[PDB]
Amino acid sequence: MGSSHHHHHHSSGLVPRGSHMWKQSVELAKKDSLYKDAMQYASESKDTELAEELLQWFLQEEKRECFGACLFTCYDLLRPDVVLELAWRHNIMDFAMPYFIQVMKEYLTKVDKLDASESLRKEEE
Amino acid sequence: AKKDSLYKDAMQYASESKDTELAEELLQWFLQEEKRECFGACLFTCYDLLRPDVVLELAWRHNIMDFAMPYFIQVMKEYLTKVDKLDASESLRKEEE
Amino acid sequence: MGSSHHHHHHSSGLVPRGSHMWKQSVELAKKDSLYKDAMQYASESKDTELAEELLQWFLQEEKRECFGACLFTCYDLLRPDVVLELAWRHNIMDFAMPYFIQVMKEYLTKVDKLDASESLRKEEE
């Protein structure tokens with residue numbers, strides 16, 4: 001029922017409860033912090049293209065903000081590739097494990113197609 | 001043989017034709033030595049659509065290397081066989097009644 | 001004066017089976033002794049979790065004892081995952097890719113399944 005679309009540029013729109021995008025602009029309100037709590041509502045959200053651009057900068061700088069963004073990535077599934085480049089960057093790092101999930105459909109499909117023809121051949125003979 | 005410019009022009013007139021093991025094997029020797037000569041050949045291997053191994057070996061030389069990965073095109077396949085197994089069971093079962 | 005009686009009986013029970021491989025030299029110039037022997041023969045058992053539990057402590061504080069454990073599941077079929085977490089235990093790892101072989105028939109039954117229909121359709125209408 002609720003759809004929220006935010007494109008970037010200049011100017012300032014502040015509506016209380018949740019997200020905060022960057023880029024220079026003088027603003028002040030009241031009460032700070034909340035990076036993890038605000039980091040949770042961005043994963044189990046959506047953001048296909050828009051999402052990604054965020055993590056690069058989180059995985060580009062900081063040491064904890066990379067880790068979190070990593071755990072941030074894993075609980076959304078479909079988003080590797082990029083993760084790897086950023087690891088072959090400056091130093092060593094820790095990968096995950098998005099492979100096994102795929103080993104299923106692999107050897108899975110085959111067997112299906114197999115008995116799929118063995119039958120379509122015993123009905124004509 | 002003679003000279004060398006002739007070499008660098010060969011491997012290059014063989015990339016257009018391109019074959020199987022003929023176009024494959026040709027590469028390892030284009031990698032046995034020289035610099036960019038190995039590079040230009042590294043392109044050919046992948047052109048064969050499917051050829052690792054020689055991508056791992058020459059990777060353990062000295063400096064950094066490259067890489068690429070397929071996938072996905074496969075992802076949009078099992079989703080098709082799962083739609084056929086259903087429509088071949090719904091009507092096949094709604095008939096035994 | 002003298003009598004000799006040699007009675008030789010040989011009954012071979014088709015049961016005893018010993019598999020002996022090889023791999024001692026290579027180019028590394030670093031060998032650590034102890035263990036080994038009874039671990040390469042037990043490798044012919046595997047299966048179930050208890051089988052993988054055998055790669056746990058055999059792939060820990062061991063070197064020339066991990067490869068013998070590597071030349072174990074490759075002889076098998078499919079069983080990765082941990083095969084990687086250990087190479088990230090603290091050091092490096094060598095060889096692998098026991099699935100780059102099946103990477104063929106797939107895309108083939110792939111570019112083939114498309115044409116198997118693209119014709120019967122150009123054939124239809």
# chains A, B, ... in the order shown; residues from 1 in each chain; ligands from 1
$ residues_around --residues "residue 41 (chain A)" --least-positions-apart "4" --cutoff "9 Å" --atoms "only C-alpha atoms" --output "ChimeraX atom specification"
/A:18-19,37,45
$ select_by_dssp --residues "chain C" --states "alpha helix (DSSP H)" --output "PyMOL selection string"
chain C and resi 38-42+48-56+67-73+82-85+105-122
$ residues_around --residues "region 9-25 of chain B" --least-positions-apart "6" --cutoff "9 Å" --atoms "only C-alpha atoms" --output "VMD selection string"
chain B and resid 37 40 to 41 44 to 45 47 to 48 51
$ write_last_selection --atoms "N, CA, C and O atoms" --output "tab-separated table (two decimals), in the first residue's frame"
chain	number	residue	atom	x	y	z
B	37	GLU	N	51.82	-10.94	-25.55
B	37	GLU	CA	51.54	-12.04	-26.45
B	37	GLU	C	50.67	-13.02	-25.71
B	37	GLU	O	49.77	-13.63	-26.29
B	40	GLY	N	46.94	-11.18	-25.43
B	40	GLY	CA	46.15	-11.33	-26.64
B	40	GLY	C	45.58	-12.72	-26.80
B	40	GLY	O	44.50	-12.89	-27.37
B	41	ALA	N	46.31	-13.72	-26.31
B	41	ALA	CA	45.88	-15.11	-26.39
B	41	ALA	C	44.87	-15.41	-25.29
B	41	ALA	O	43.93	-16.18	-25.49
B	44	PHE	N	41.46	-15.19	-26.46
B	44	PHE	CA	40.97	-16.28	-27.26
B	44	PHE	C	40.34	-17.42	-26.42
B	44	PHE	O	39.25	-17.89	-26.75
B	45	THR	N	41.01	-17.85	-25.35
B	45	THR	CA	40.51	-18.95	-24.51
B	45	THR	C	39.05	-18.75	-24.15
B	45	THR	O	38.23	-19.65	-24.35
B	47	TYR	N	36.95	-16.90	-25.59
B	47	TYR	CA	36.13	-16.86	-26.79
B	47	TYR	C	35.58	-18.25	-27.05
B	47	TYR	O	34.47	-18.40	-27.55
B	48	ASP	N	36.36	-19.28	-26.70
B	48	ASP	CA	35.92	-20.66	-26.91
B	48	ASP	C	34.69	-20.95	-26.05
B	48	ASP	O	34.20	-22.08	-26.01
B	51	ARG	N	36.63	-22.48	-21.13
B	51	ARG	CA	38.03	-22.93	-20.97
B	51	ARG	C	38.84	-22.36	-19.78
B	51	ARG	O	39.55	-21.35	-19.87
$ interface_residues --of "chain B" --to "chain A" --cutoff "9 Å" --atoms "only C-alpha atoms" --output "PyMOL selection string"
chain B and resi 69+75+77-78+81
$ calpha_fit_rmsd --fixed "chain C" --moving "chain A"
14.2 Å
